[PDB]
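> Sharing a structure, written as structure tokens. Questions coming.
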Amino acid sequence: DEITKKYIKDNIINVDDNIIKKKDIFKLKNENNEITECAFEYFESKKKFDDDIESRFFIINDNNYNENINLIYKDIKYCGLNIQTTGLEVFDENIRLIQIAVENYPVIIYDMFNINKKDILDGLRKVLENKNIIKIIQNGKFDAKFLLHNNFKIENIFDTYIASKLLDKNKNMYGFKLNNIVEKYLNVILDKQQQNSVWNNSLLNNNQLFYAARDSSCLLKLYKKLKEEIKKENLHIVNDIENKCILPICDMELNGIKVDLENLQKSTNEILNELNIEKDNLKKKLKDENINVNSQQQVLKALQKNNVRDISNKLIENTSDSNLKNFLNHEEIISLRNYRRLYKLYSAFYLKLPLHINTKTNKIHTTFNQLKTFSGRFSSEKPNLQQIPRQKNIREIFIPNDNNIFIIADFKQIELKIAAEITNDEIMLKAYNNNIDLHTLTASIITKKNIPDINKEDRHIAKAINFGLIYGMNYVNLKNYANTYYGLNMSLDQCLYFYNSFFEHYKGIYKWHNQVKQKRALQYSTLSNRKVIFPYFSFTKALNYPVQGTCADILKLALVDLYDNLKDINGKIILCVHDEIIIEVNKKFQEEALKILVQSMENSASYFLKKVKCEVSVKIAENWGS
DNA sequence: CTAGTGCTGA
DNA sequence: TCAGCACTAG
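In the deposited numbering, the protein residues as written are 1 to 626.
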């Protein structure tokens, strides 16, 4: 039909009319700073949209290309960037459209599947690569991944999703989509009713492209309002750190971590054989061949039948971990706990990892979020690399690529040092400046011994108590935390003495607790001014948000600096979990990468914390579990 | 024979 | 998060 092929030469198919090809004379400055009149071709919606957002759009392909269109990019400061892709997986999908939105101009849509002259993208590469031009994106991680994977270099970025998330102060988890944000801040409905229309086809319908253009032009007005809103709330530091942390995260996701298939198979066979042996032993002990070991009620009934009792001659009724500890003087329950451990490992990690390794490259690629967590720390999904077992044997599976070497660096006592800085405790700072660990100090003041005499067990009691009480746990509740997560058995009188002694000397933390509990404020802030508003008062969250948020800020600034400092030796950032950062470098640059990483982490720590000097433990490792 | 909720730990 | 196990419905 002639109506549907009116603009087929530009790879546009007309569905419901509502499209007109119009030519107008534009005014632009030549490279020599001379106003040169140029005539372009742009498409417009025949039926005007009720909103004020821009809807005109160019389309640049192999034939329609005009050399003077690059004059739009000259002497700009912000540009709206949005890309449409054939699918979500970066490795199995290509980029369909690149969209650049420039103020008081139509959006420029690059038809990637119909571009073959590499000079067509010459100006796009410069406008993306320039550090003085701010690129506005929605969910910038996705677009940055897709652009970097396709040999585009992107340097500056301003994610409207990040600004919207920070401004809401973690009040709501859902929302924060382009329609929601634009409705909230501009009072305009984008009509995002496109149900993920077909993009793989070379021809694209009218409504698809007009939805694409309005999703890009609206980012300029959102930038204008959100910049002022961030400046008003003094969130510019956190916003800048987060925006610059997009590229490190995308680099981590693209690089991934390699998996040794041979060692993985060997470990899987060994663990499965051990599981079978333990299952047979438990079957013999439970005296029920048909019993399903995994069934909770069945094992409860079996143990009840066998009549394993307490020291108080009390029978078990729940197989929770805390309950199982009380009953340990029988072989049956020991075998049951061992089997539970083995089964948890086998069914959580070994059998689940092969679903995540890509056979095309033999690597695990993770999805890193940076604002879903309440504290602000990174969170990983699909393969939850934070949920990997911490045992040395398990982590030995992960290895660097061929002809490379890992460099693992992690902070020491970062939460405690941040707490000392924020609360301004007189004694903690003076201790740290003399090179004594706060765990050692806590152990010494508890045990009344001098610093040299502290053993490892006292250090362990200190490790429990310091993390226990800094976040406001009551002395009664210290028992459960100590026994559950460290195995120490403590008498409540001993806990009372520990609490009194701990808060008698560290005056700063006591004053901090008193102020936070007296004020009962609903708004809290970190040292990067990342603000959060809780629905109601929560003492533990109140005392925990500042330190952990500042730790997240320190790690993010470290990644931002490290990504720039590693470009000389082609280092690859692989992972960032807890207070740990992993980078792979070639074996020739083994020595320099260590100094680069140490300097980056130390500068990041010293930017925020000023009283205390942070130290980093770095080791050159052949594999993760070294 | 397939669907689910509802409930219990690792 | 993640897995798995008794109890309603055709």
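Using N, Cα and C, we set each Cβ at its ideal position, and we do this for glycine too.
Within this structure, are the beta carbons of residue 598 and residue 248 separated by less than 8 Å?
no
> Output needed for residue 106: all residues of its chain with C-beta closer than 6 Å, excluding positions within five of it in sequence on either side, in chain order.
Cβ within range, chain order: 42, 56, 57, 58.
> For residue 82, report the span of its beta strand (DSSP E) as first-last.
Element bounds for residue 82: 78-85.
> Closest to residue 375 by C-alpha separation, out of 405, 600, 4, 547, would be which residue?
The candidate whose alpha carbon is nearest that of residue 375 is 547.
> For residue 330, I'd like the list of residues in its chain whose CB is within less than 7 Å of its CB, leaving aside the five on either flank, ordered along the chain.
308
> Is DSSP giving residue 51 helix, strand or coil here?
In the three-state reduction of the DSSP assignment, residue 51 falls in the coil class, being assigned neither a helical nor a strand state.
> For residue 402, collect the residues of the same chain with a Cβ closer than 6 Å to its Cβ; drop the 5 residues on either side in sequence, then sort them by chain order.
none
> Could you check what DSSP says for residue 358 in three-state terms: helix, strand or coil?
strand
> Let's see if you can read the secondary structure: which residues bound the beta strand (DSSP E) around residue 96?
95-101
> On a CA-only basis, which of 316, 620, 484 is nearest residue 301? Give me that one, please.
The option with the nearest alpha carbon to residue 301 is 316.
> Suppose the cutoff is 8 Å on Cβ atoms and the five residues either side in sequence are ignored; what does the same chain contact list for residue 492 look like?
475, 476, 479
> Work out the CA separation of residue 590 and residue 568 for me, nearest whole Å.
13 Å
> Comparing alpha-carbon positions, which option in 53, 615, 75, 25 lies nearest residue 32?
75
> Residue 523 by DSSP, collapsed to three states: which one?
strand
> For residue 609 versus residue 418, is the C-beta spacing smaller than 8 Å?
yes
> Provide the residue span of the beta strand (DSSP E) that contains residue 577, from first to last.
572-577
> Quick check: the Cα distance between residue 157 and residue 137, rounded to an integer number of angstroms?
7 Å
> Got a sec, what are the start and stop residues for the beta strand (DSSP E) residue 34 sits in?
No beta strand (DSSP E) contains residue 34, which DSSP labels as neither H nor E.
> Could you tell me the distance, in whole angstroms, from the CA atom of residue 50 to the CA atom of residue 187?
12 Å
> In this structure, does DSSP put residue 125 in helix, strand or coil?
In the structure shown, residue 125 sits in a helix (DSSP, three-state: H, G or I).
> So, do the region 323-343 and the region 367-384 have three or more beta carbon pairs nearer to each other than 8 Å?
Fewer than three Cβ pairs drawn from the region 323-343 and the region 367-384 lie within less than 8 Å of each other, which leaves the two stretches out of contact.
> Leaving out five residues before and five after residue 281 in sequence, what residues of the same chain have Cβ atoms less than 7 Å from its Cβ?
In its chain, beyond the 5 residues on either side, 335 have a beta carbon closer than 7 Å to the beta carbon of residue 281.
> Ignoring anything shorter than 4 residues, give me the alpha helix (DSSP H) runs that lie fully in the region 584-613, in order along the chain.
Whole alpha helix (DSSP H) segments, 4+ residues: 590-608.
> Using alpha carbons as the reference points, say which of 395, 467, 508 lies closest to residue 430.
508
> Is the beta carbon of residue 542 sitting closer than 8 Å to the one on residue 577?
no
> Classify residue 309 as helix, strand or coil using the three-state DSSP reduction.
strand
> Given this structure, state the Cα-to-Cα distance separating residue 84 from residue 18, to the nearest angstrom.
22 Å
> Out of curiosity, what's the CA-to-CA distance linking residue 130 and residue 154?
8 Å
> Does the beta-carbon of residue 214 have 16 or more other beta-carbons within 10 angstroms, so that it is buried, or is it exposed?
A buried status is given to residue 214, since no fewer than 16 other beta-carbon atoms sit within 10 Å of its beta-carbon.
> Would you say residue 117 and residue 128 are within 8 Å of each other, going by their C-beta atoms?
No, Cβ-Cβ distance for residue 117 and residue 128 is not below 8 Å.
> Quick check: what's the CA-CA separation for residue 555 versus residue 256?
19 Å
> Would the region 216-224 count as touching the region 184-204 if we require 3 or more Cβ pairs under 8 Å?
By the Cβ rule, the region 216-224 counts as touching the region 184-204, because three or more pairs are nearer than 8 Å.
> Mind checking who residue 409 pairs with in its DSSP beta bridge?
581, 618
> Out of curiosity, what's the CA-to-CA distance linking residue 70 and residue 123?
6 Å
> For the region 312-359, list the beta strand (DSSP E) runs that are entirely contained and at least 3 residues long, ordered along the chain.
none
> Mind pulling the alpha helix (DSSP H) runs of 4 or more residues that sit fully within the region 127-204?
140-149, 160-168, 178-186
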